[PDB]
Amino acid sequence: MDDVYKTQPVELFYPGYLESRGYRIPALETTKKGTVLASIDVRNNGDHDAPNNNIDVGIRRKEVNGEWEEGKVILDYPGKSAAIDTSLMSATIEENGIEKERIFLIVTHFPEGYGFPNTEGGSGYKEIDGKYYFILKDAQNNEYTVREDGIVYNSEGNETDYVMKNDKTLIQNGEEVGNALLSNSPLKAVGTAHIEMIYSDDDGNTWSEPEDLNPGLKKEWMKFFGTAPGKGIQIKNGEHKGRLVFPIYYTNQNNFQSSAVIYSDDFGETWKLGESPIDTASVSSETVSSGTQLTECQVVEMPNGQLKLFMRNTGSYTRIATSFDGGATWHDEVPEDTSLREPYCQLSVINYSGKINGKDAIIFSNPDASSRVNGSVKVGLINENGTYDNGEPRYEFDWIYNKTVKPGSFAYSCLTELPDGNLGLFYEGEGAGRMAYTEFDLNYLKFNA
């Protein structure tokens, strides 16, 4: 205790804050300017997942040597159309002679009446030539496409008297007749999972309008397709320096869940979908229908740029996948780590910028139990141990520290490194829909009660 740092937990979001009855799914990221960003599900109708819940994106900022600022809703869809599970990423690009910083946020989006349990398949788009067009359905399940200037075309390629604005509002004869995201609209969007993206150029003050990442990225055979909540990373070393890496997961036609990442090499302008660790020489994540499912995940980078994907799964212990091509593919051996008991809950893992006992290190946090209790933060030392049959080296984890930071209820959490080398933790567990945040140092993790 004598030399340890640990702040008493504070509530950043709670029932009633921003008029919301519920809050869930914490995400935490630090900017290059030292600002801490805390995004959350603004679950206005209660703690339940989609569907039947008006969920929005909220965020709070804490600049270096400053207080937590007021929370703001930065993405809000009509009715009970949900924006659920957010992920944050601070990333930079060498501009003219200025290294400029942009903050990325991706979130899963459902139209009204839909969520993970009842999602349909498809991207929500139809491809004509090389252009993807937003699909709309009438009550008779006929198909329409939104094209130039928002004009709605029918299945025969002829124009209707409908226009859809970018916020999915439907105009007919100069009158607003509905919104494509609502259960009561004459023309509805496909009831399927989207990943939407927003970005901020001013250290998190203001955010762009959502950009749908589905077209050309989500496979038509996918049903669920959504953000793995927490954070993404920008690769710092190796062949793929600068690549943005965002953990996601999806389901195929058998509703089997598979983890993956989407990545960008043009600073978020375009995105590509990498393989799942489910995808091997033997197994295809498109057609698999049995075995261990891999769902929510987080990614950390090795000293040479090698990627490690930590995955929530239907097994007892955390699964870790290894990528040699910046997340495009994963080594076909995906082992457990018997030091990371995994009771089917989201986890957090991050890179640590400084050496710990002369080694590069990562930090891990999850409920270390057979249920969502005993929130524990672990420190992993990185050790080389030979190379692969290929040329790339082999990294292993030494879990030296394993500190309980929440003996009672503990669910979703997200770590981040503070500008001073300390650690922040945005976690569920304090009860009554309260989203808690605490700070501590490495000595707090070394202490063994």
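Note that residue numbering follows the sequence shown and begins at 1.
- As listed in the deposited structure, the average C-alpha B-factor of 94-102 and of 329-337 is greater for 94-102.
- Averaged over CA atoms, B-factors in the entry run higher in 351-359 than in the other of 351-359 and 292-300.
- When the C-alpha B-factors of 235, 262, 189, 345 are read from the PDB record, the largest value belongs to 235.
- Considering 196, 85, 112, 203 together, the PDB entry gives 203 the largest C-alpha B factor.
- The entry lists a Cα temperature factor for residue 43 that places it in the lowest third of the chain's modelled residues.
- Annotation for residue 432: C-alpha temperature factor in the highest third relative to the rest of the modelled chain, per the entry.
- Among the modelled residues of its chain, residue 133 has a C-alpha B-factor that falls in the middle third, as given in the PDB entry.
- The deposited CA B-factor of residue 240 belongs to the highest third of values across its chain.
- Ranked within its chain, residue 26 lands in the lowest third, by CA B factor from the PDB record.
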